[PDB]
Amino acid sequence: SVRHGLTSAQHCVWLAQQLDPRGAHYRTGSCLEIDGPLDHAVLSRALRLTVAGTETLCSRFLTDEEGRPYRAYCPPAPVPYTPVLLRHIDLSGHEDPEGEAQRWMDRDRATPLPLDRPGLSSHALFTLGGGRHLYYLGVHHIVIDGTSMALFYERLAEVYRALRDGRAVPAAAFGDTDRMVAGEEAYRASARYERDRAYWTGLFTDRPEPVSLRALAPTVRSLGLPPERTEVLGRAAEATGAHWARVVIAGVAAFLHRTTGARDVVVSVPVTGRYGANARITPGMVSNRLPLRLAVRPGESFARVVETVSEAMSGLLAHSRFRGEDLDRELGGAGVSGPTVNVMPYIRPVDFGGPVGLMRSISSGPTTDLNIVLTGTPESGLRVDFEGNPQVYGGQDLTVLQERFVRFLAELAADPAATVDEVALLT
């Protein structure tokens, strides 16, 4: 009967869903590529225990008498029970197991999940042959963000190992959503809110219109880059003294500048929206997206653009609690944004007690234009996903753009002292 408050991010998704109530545009997902055999019966039991201990995966969303949303907690069965289902799809024998799995996930992601039914996720274990497996985690964005996907996978594996070893299942170690929401409420009521509002509105008084090279589920094209191609990003990071994600952001900024010739470029950057220890370990949806405005002047080196990114990010991080969707509402119209550049944080390979799982993105969220999603590291290799609004980009277009970008990025990283407007951008 308890009516739980939504996080700001959840409020955002809720409002956006209302614009297209039967749509699936806020269906997101990821998967684990697993290099050895798993026991589906045991993993199915592990999923049940994992979900049972994950409040957000046992939640539904309802409206009160004033039409305002709230979250309701619905434990699984030993008031609706959260259902738990791990599908087993044996593609061992198929001509193209990987392709069939992708097709299955794409069709699942296209399936609407009504918010008033608890358990807003979809789970499938694929057998691919050669003993390889794929675990698909499909969710409604309102219950799970990128950070929480990692929290889920780690817990799932932990429970699976215990059930496999005969060991007692370790207690879950998640945080509390109500306290996380209370933290946001405290922020909104604080003096910092006013200061943040002033900071962000001040930066965009000219209200630059978003430029491309409504929010819809993306067409996704993925490019695998081995370490031979990606190590150079690490070397650029070492040389500039900037974290490699900053090098990538600078690369996107330079790419946009070189393509369009535009002085002032905007990219959008996600931040976790998690403040404090409790928030960091609470599965849910709290992520924020903020505009990074960058001036790329004539004759600047790539290293100089990295510095420009670092300066802008310092300000973004210092005012990161202000909601991106709030900034847009105040500026009006289409708001302010560029391609979303999402360099996912490091995730250790997921240990299933022998078999190891490597995470890859399936769909990070809907977009009005483009998301650029990276998983991996310079040393281990990268998966680069270009997620394009289907009314803007065709699949082939995204493939071409993504290869062009990675080539330019690699050239920049190979010599940060080079002048950006002298670096050849090849079509």
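All residue numbers are counted from 1 along the displayed sequence.
In this entry, residue 213 and residue 214 are separated by 4 to 9 residues of the deposited sequence that lack coordinates.
In this entry, residue 78 and residue 79 are separated by 10 or more residues of the deposited sequence that lack coordinates.
When 183-191 is weighed against 271-279, 183-191 comes out higher, by mean CA B-factor as recorded in the entry. Looking at mean Cα B-factors across 93-101 and 111-119, the upper value is held by 93-101.
The residue among 87, 246, 348, 323 whose C-alpha atom has the highest B-factor in the PDB entry is 87. Note on the listed residues 385, 65, 55, 379: the highest Cα temperature factor in the record is that of 65. Sorting the modelled residues of the chain by their CA temperature factor places residue 330 in the highest third.
Ranked within its chain, residue 304 lands in the lowest third, by CA B factor from the PDB record. For residue 336, the recorded CA B-factor ranks within the middle third of the chain. Only modelled residues enter the ranking. Ranked by C-alpha B-factor against the other modelled residues of its chain, residue 364 falls in the lowest third. For residue 34, the recorded CA temperature factor ranks within the highest third of the chain's modelled residues.
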